[PDB]
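Novice: Here's a structure for you.
Note that we place each Cβ from the backbone using ideal geometry, even for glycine, and neighbour counts take in every protein chain shown. No value in this document is a laboratory result; all are computed from the given coordinates.
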Amino acid sequence: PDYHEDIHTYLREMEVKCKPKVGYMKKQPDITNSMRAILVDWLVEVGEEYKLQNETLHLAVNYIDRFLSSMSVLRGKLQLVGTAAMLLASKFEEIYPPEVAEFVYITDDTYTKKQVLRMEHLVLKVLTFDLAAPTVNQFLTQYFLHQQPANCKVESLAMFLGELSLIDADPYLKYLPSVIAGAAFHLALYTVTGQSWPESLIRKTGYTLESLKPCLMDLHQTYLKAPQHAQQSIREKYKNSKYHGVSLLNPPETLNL
Amino acid sequence: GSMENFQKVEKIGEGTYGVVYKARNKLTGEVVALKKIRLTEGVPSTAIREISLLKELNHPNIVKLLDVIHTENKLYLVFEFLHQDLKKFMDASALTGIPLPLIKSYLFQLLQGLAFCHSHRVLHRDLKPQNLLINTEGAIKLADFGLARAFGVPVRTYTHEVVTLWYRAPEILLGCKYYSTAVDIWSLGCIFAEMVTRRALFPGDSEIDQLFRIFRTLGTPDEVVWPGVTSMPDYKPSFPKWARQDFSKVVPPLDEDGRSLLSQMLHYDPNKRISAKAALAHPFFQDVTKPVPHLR
Ligand SMILES: Nc1ncnc2c1ncn2[C@@H]1O[C@H](COP(=O)(O)OP(=O)(O)OP(=O)(O)O)[C@@H](O)[C@H]1O
Ligand SMILES: [Mg+2]
Ligand SMILES: [Mg+2]
């Protein structure tokens, strides 16, 4: 109640400072958007195996994109960066992070414990220990408080859509978390109830459907094409009752925008 | 920043994962505290949290992290040096006590530090006099962020440990799945009381003892004072039902405004418990100043 406005305002400042470089992939000589999609999809599976928070997944992805914004990485080491990022995200966010041994295990022993740990140190150095980054998830849970009344399918579907955005650097790297959360929340609301982006959230965020339109057009497409996408771990995960099986919901064909 | 530029003066504490030293920057003359952190699970999550959170929190009433010296098997956190902790100061004031203008100044500053934490989505979760540092100019600052965390809005379930027992809020003690900023306010209410009497308000030796001590002081809460209390995971209907005593008897030296504020910080229901932000405007603080400590 108190601090909700202060916190939102603070997170809006921080998402700008914590944003990765939109064009970093074109500056990576050895890795592609496709390779990054593969990695993020694997991290989703890792989160599933260890029952990690969605917030942990989002943080790890933010760490990877920022790391790769300033460090060139060969394709054989991309998974090492992702593993270290997920380890850091877990230590930050989880009540009970998995042990390092568990992280070494899920990399099929491609990498050693010493490697994982040295990479943890490198990632902390590159990020200068700046780990409290805003995520799509953090804006979503704030936005969810504006539902009339609360609807679990809306909440789960919006998280699903926010998660899909993590996979595809083109186009989602160019949108801020608060804007992705906005598109995701509207699209979820519209899919489940036919309602839209409430004016109470215009008052809070300053975003309208006009300002959300570009990301929403992108998100609507990703939603429609999701069954055909090469990466499927998110859809599979959101079949679970824990998330009200929302990946089984039909996307709308039109948005009227 | 690097270790060659520092001359160690003396040990000033031992926390965990390392010793804490008083040191001097040989080039600038600046006096600092060096918290060493020893490095098989890698960087401890407590240090990951402490460093990441402190780097976001720049405020006159929060200990300043100046630098991180980050090497092979060693991690050094460089902090601004502060001369004493509040616990040592209270012990030094055993017999004459702490002047009211100083108590009020310290409480006001603690609330400012805490409101800044909460506005930046940070829970401290270990407020106690040992973790509050004072300087010769009259400043008091929140320190030891090793147990802190970044919270979300709304909160989800966090670690059920948290807060050293004497300062631990009843909602943690009764196992509520959700706790939030109000837990730090509870701790500060206990510390306010302690500054005035110089003895812990609720010095329990176990969780149940802790609860019963609180109940004996503020009355056993029912559904009227705290809706939902009887359904809490660790609530037991066999709990003795103590009458709430005259609140002027809890901290007898406090006059009307002080009692009002204390009572609001020690409200059972986390929703009704005063926020740090709202407390800054309490009439108790109408005449607040910032004098230096009355002792060396
Ligand atoms: N900036 C500082 N200036 C002066 N003294 C300090 C400073 N930081 C820490 N200390 C001293 O070292 C003690 C322990 O450090 P701190 O509380 O930060 O970590 P900790 O591991 O939680 O310690 P403990 O385990 O003793 O509670 C403090 O209570 C204080 O007396
Ligand atoms: Mg490339
Ligand atoms: Mg301490």
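Novice: Modelled label-to-label distance, residue A:115 and residue A:34, 7 Å Cα→beta-carbon offset: nm?
Specialist: 2.3
Novice: What is the order of A:165, B:45, fewest Cβ neighbours within 10 Å to most?
Specialist: Ascending number of Cβ neighbours within 10 Å: B:45, A:165.
Novice: So, one more: Take the eigenvalues of the Cα gyration tensor for the protein assembly as shown, scale each by 5, and report the square roots as semi-axes in whole Å, largest first.
Specialist: 43, 31, 21
Novice: Follow-up. As an exercise, take the mean of 1/r over every pair of distinct alpha carbons in segment B:84-294, invert it, and state the Kirkwood radius in angstroms.
Specialist: 17.5
Novice: Apply the Karplus parameterisation 6.51 cos²θ - 1.76 cosθ + 1.60, with θ equal to phi minus 60°, to every residue of segment A:174-190 and state each ³J(HN,Hα) to the nearest whole Hz, in sequence, with x for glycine and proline.
Specialist: 7, 9, 6, x, 5, 7, 4, 4, x, 4, 5, 5, 4, 4, 5, 4, 5
Novice: Ok, one more. Ranking request for peptides A:18-28, A:48-58: highest mean number of other beta-carbon atoms within 10 Å first, then the rest in descending order.
Specialist: A:48-58, A:18-28
Novice: Output the peptides B:171-179, B:113-121, B:70-78 sorted from most to least packed, where packing is the average of other Cβ atoms within 10 Å over each peptide's residues.
Specialist: B:113-121, B:171-179, B:70-78
Novice: Here's something else I'd like to know. If the reach is capped at under 14 angstrom between alpha carbons, list the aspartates and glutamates near residue A:21, excluding any in the same chain fewer than eight residues apart.
Specialist: In chain and number order, the partners are A:65, A:170.
Novice: What residue among A:41, A:30, A:109 shows peak mean-square fluctuation when chain A is described by a Gaussian network model with Cα springs under 10 Å?
Specialist: Largest GNM mean-square fluctuation: A:109.
Novice: For peptide A:121-132, how many partner chain Cβ atoms fall within 10 Å of a residue's Cβ, on average?
Specialist: Rounded to a whole number, the mean comes out at 5.
Novice: Determine the calculated [θ] at 222 nm for chain B from helices alone, applying -39500 (n - 2.57) to every DSSP H run no shorter than 4 residues and normalising by the residue count; nearest 500 deg cm²/dmol.
Specialist: After summing the helix terms and dividing by residue count, I get -8500 deg cm²/dmol.
Novice: What is the distance in Å between the Cα centres of segment A:195-257 and segment A:48-103?
Specialist: 25
Novice: Taking neighbour Cβ counts within 10 Å as the exposure measure, how do B:190, A:152 sort from fewest upward?
Specialist: Final ranking by Cβ density, sparse to dense: A:152, B:190.
Novice: Could you give the distance between the Cα centres of segment B:151-206 and segment B:49-127, to the whole Å?
Specialist: 17
Novice: While we're looking at this one, here's another question. Top mean-square fluctuation among A:150, A:85, A:169, Gaussian network model of chain A, C-alpha springs under 10 Å?
Specialist: Taking springs between Cα atoms under 10 Å, the residue moving most is A:150.
Novice: Please list, in order, the residues from segment A:131-163 whose amide nitrogen is less than 13 Å from a point placed 7 Å along the Cα→Cβ vector of residue A:48.
Specialist: none
Novice: Here's a follow-up. Please work out whether segment A:1-126 counts as rounded, prolate or oblate from its C-alpha gyration tensor, where a ≥ b ≥ c are the square roots of the eigenvalues and a/c under 1.5 means rounded, while otherwise a/b larger than b/c means prolate and anything else oblate?
Specialist: Verdict is oblate for segment A:1-126.
Novice: Might you report the magnitude of the Cβ-based charge dipole of chain B about its Cα centre, with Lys and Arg at +1 and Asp and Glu at -1, to the nearest 20 debye?
Specialist: Here chain B has a charge dipole of around 260 debye.
Novice: Follow-up. Amide H neighbours of residue B:84 under 5 Å, counting only residues 5+ apart in sequence or on other chains, H built in-plane at 1.01 Å?
Specialist: So residue B:84 has HN proximity to B:134.
Novice: Between residue B:16 and residue A:257, what FRET efficiency follows from the Cβ-Cβ distance if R0 is 51 Å, with the result rounded to 0.05?
Specialist: 0.40
Novice: When averaged across all projection directions, what area in nm² does the alpha-carbon convex hull of segment B:3-83 cover?
Specialist: Mean projected area of the Cα convex hull: 5.6 nm².
Novice: A follow-up question, please. May I ask you to derive the FRET efficiency for residue A:242 and residue A:125 from their Cβ-Cβ distance with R0 = 35 Å, giving the value to the nearest 0.05?
Specialist: Efficiency for this residue pair is about 0.45.
Novice: Where does each of B:221-228, A:59-66 land if you order them by average Cβ count within 10 Å, highest first?
Specialist: The densest-packed peptide leads the list: A:59-66, B:221-228.
Novice: Need one word for chain A: rounded, prolate or oblate. Basis is the Cα gyration tensor (sqrt eigenvalues a ≥ b ≥ c); a/c below 1.5 gives rounded, then a/b vs b/c decides.
Specialist: Verdict is prolate for chain A.
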